[PDB]
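Accompanying notes for the structure given below.
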Amino acid sequence: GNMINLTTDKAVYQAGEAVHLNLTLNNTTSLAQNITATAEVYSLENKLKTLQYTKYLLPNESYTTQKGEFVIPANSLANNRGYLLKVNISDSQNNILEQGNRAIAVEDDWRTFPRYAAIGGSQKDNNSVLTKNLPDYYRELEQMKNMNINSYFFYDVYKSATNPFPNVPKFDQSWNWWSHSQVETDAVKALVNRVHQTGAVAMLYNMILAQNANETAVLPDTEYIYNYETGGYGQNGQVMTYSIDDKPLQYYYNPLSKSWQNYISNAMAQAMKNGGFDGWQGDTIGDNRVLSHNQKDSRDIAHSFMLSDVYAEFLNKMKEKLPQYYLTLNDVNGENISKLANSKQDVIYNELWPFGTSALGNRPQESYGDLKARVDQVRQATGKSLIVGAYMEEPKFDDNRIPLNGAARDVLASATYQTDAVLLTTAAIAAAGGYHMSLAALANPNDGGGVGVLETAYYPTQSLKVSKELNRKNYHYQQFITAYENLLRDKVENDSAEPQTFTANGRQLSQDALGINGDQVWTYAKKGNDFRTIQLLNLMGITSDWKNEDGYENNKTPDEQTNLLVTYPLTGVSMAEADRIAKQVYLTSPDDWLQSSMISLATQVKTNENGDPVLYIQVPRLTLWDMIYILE
Ligand SMILES: OCCCCCO[C@H]1O[C@H](CO)[C@@H](O)[C@H](O)[C@H]1O
């Protein structure tokens with residue numbers, strides 16, 4: 001990495017707010033000398049500012065800049081944009097001693113460009129949320145802050161589905177039968193307060209229709225929902241019940257019940273106000289065909305309805321009854337975007353599994369291309385950037401602790417998460433215009449002082465270690481995703497123009513623009529108002545499965561490429577416009593060779609048989625992910 005320790009006072013900024021930076025100048029030399037920190041402020045390719053500070057330092061002496069010394073004043077940056085701070089530390093000979101880049105996010109609120117992370121109890125402490133772990137939480141949240149995280153998903157900090165956050169000092173989570181976790185409410189409040197200090201929001205996870213089965217009913221049975229057919233929630237004409245091993249765990253209420261709507265909204269309002277939360281991260285147990293209480297005995301299918309057919313109305317009622325609060329509902333596998341397109345969700349959140357049906361058609365949602373397709377489907381239906389839960393690897397064991405997958409064999413060997421696997425999944429979602437909710441503050445020692453990576457639905461579980469390599473590249477990836485949000489997900493659509501990628505020696509590397517096959521440089525274009533982009537995702541010599549359930553048994557580090565050619569056709573553009581464009585082609589990558597820096601590319605303008613111009617773009621390097629940026 002570097003030792004610049006580049007830090008900002010907040011995670012995110014209002015346009016009318018100053019950015020206070022701190023940075024550390026390290027005289028890593030044997031010579032007493034002026035050490036210079038130069039921080040260039042870029043808005044895409046354009047250098048807006050150079051900031052600069054010099055301090056005379058003795059050998060091995062360091063100096064951290066004080067409040068006021070590096071600042072970007074209020075009203076310096078346009079609103080709802082990402083920026084990059086490109087820092088070089090230099091000695092009195094103009095040798096570069098170190099370099100590090102940091103994004104700056106300026107935005108009204110988190111809804112335009114969500115960058116969402118999880119917070120959850122500590123595995124080493126029964127999954128509890130405890131005051132004694134605040135130091136580790138705060139350390140993780142300092143890191144997420146400098147990664148520009150703007151929102152936080154508080155997972156399993158609730159007492160019960162119907163009493164989510166009572167004003168008591170500590171409560172048991174009695175629905176936790178595996179580890180009997182507890183929550184100290186002062187811990188959750190301190191967490192929320194710390195999130196707020198960074199400019200970020202705190203979302204409370206809770207079900208929307210549920211009550212825990214061993215608590216008195218909050219409403220009488222006229223409000224319950226009933227099964228239309230016998231299945232996994234019990235018998236036709238019985239209350240929809242979630243059970244494990246013939247013990248009822250949860251009962252469900254009718255989304256159309258006005259009394260349930262008023263109950264749960266007010267219960268959430270109170271819970272949220274108790275914690276200082278900013279909104280509701282909603283969840284449902286799964287879809288079902290159901291009957292209202294008064295229809296419970298009907299065998300007439302036309303008297304029944306799919307719960308998902310009423311989610312939009314239910315949500316709209318929640319918004320209306322919770323107007324100052326953010327609202328979203330996890331749509332598992334993204335099955336219902338057309339149903340939910342007009343609901344007043346503030347953000348779209350889909351938890352995606354490899355076994356869901358792809359937005360592509362009749363195939364599992366198993367590859368990087370399937371993640372893009374779902375991101376695009378959401379964008380098309382709502383205009384919003386999809387937040388994706390795509391948990392990585394998920395080691396699983398049988399009863400003899402026999403591994404049921406390769407990742408589980410890595411667990412037995414005390415191995416790490418496969419760094420490039422995680423990064424390629426985050427790249428696939430981001431390059432498509434979405435955001436991979438992957439990062440977690442879990443006070444978990446397998447996270448080695450850094451932030452965790454979500455591996456399973458039960459967020460507190462960390463079976464594999466986060467290498468310092470993964471920690472450091474995750475940070476680079478977050479800066480890229482922030483600094484280039486206006487190119488990735490701000491009125492940017494798929495482009496019908498078809499870019500291709502070649503080596504210097506005759507191979508076409510781009511083979512399947514859908515991203516469903518591996519062993520290729522996955523290459524596709526996007527189109528914004530005055531630009532185009534080309535995403536290059538390196539899958540040379542690797543498979544396209546995003547989850548990497550095999551762990552290290554399936555290598556996910558793709559074959560590094562050098563001196564590639566990318567062609568991009570300029571159908572119907574004149575030679576003079578093409579020549580202007582050809583001088584305005586740039587590249588950036590979150591990978592170590594650039595760490596979000598942008599460079600100019602050598603480009604030639606050629607034509608087809610009919611005088612139609614085509615850019616021939618030289619790409620120095622591709623490690624995992626490159627973005628070409630074409631001003632047009
Ligand atoms: O979209 C479906 C997500 C919910 C799946 C099961 O969740 C439930 O069960 C989980 C444990 O399996 C709990 O951690 C959680 O609080 C509770 O809501």
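Hydrogens, waters and symmetry mates are skipped; everything else that's a heavy atom, side chains included, is used. Just follow the structure's listing: the first ligand is 1, and inside any ligand the first atom is 1. Counting begins at 1 with the first residue of the sequence.
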Would a line drawn from the ring center of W353 to the ring center of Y391 be shorter than 6.0 Å? yes
For the pair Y155 and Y205, name the ring-plane relationship: parallel under 30°, tilted 30 to 60°, perpendicular over 60°. tilted
With sequence neighbours left out, the residues meeting ring-ring contact (aromatic ring centres under 6.0 Å, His included) with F154 are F277
What is the ring orientation for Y477 with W625, classed by angle as parallel under 30°, tilted 30 to 60°, or perpendicular over 60°? tilted
Checking side chain to side chain contact (heavy atoms under 4.5 Å, CB included) against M437, which of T426, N350, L454, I429 comes through? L454
Ligand 1: which protein N/O atoms lie under 3.5 Å from its N/O atoms?
| residue | atom | partner | partner atom | Å |
| --- | --- | --- | --- | --- |
| ligand 1 | 1 (O) | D283 | OD1 | 3.2 |
| ligand 1 | 1 (O) | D283 | OD2 | 2.9 |
| ligand 1 | 1 (O) | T284 | O | 3.1 |
| ligand 1 | 1 (O) | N330 | ND2 | 3.3 |
| ligand 1 | 14 (O) | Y155 | OH | 2.7 |
| ligand 1 | 14 (O) | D156 | OD1 | 3.4 |
| ligand 1 | 14 (O) | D156 | OD2 | 2.4 |
| ligand 1 | 16 (O) | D156 | OD1 | 2.6 |
| ligand 1 | 16 (O) | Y158 | OH | 2.5 |
| ligand 1 | 18 (O) | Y205 | OH | 2.7 |

When the aromatic ring centroids of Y263 and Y253 are compared, is their separation below 6.0 Å? no
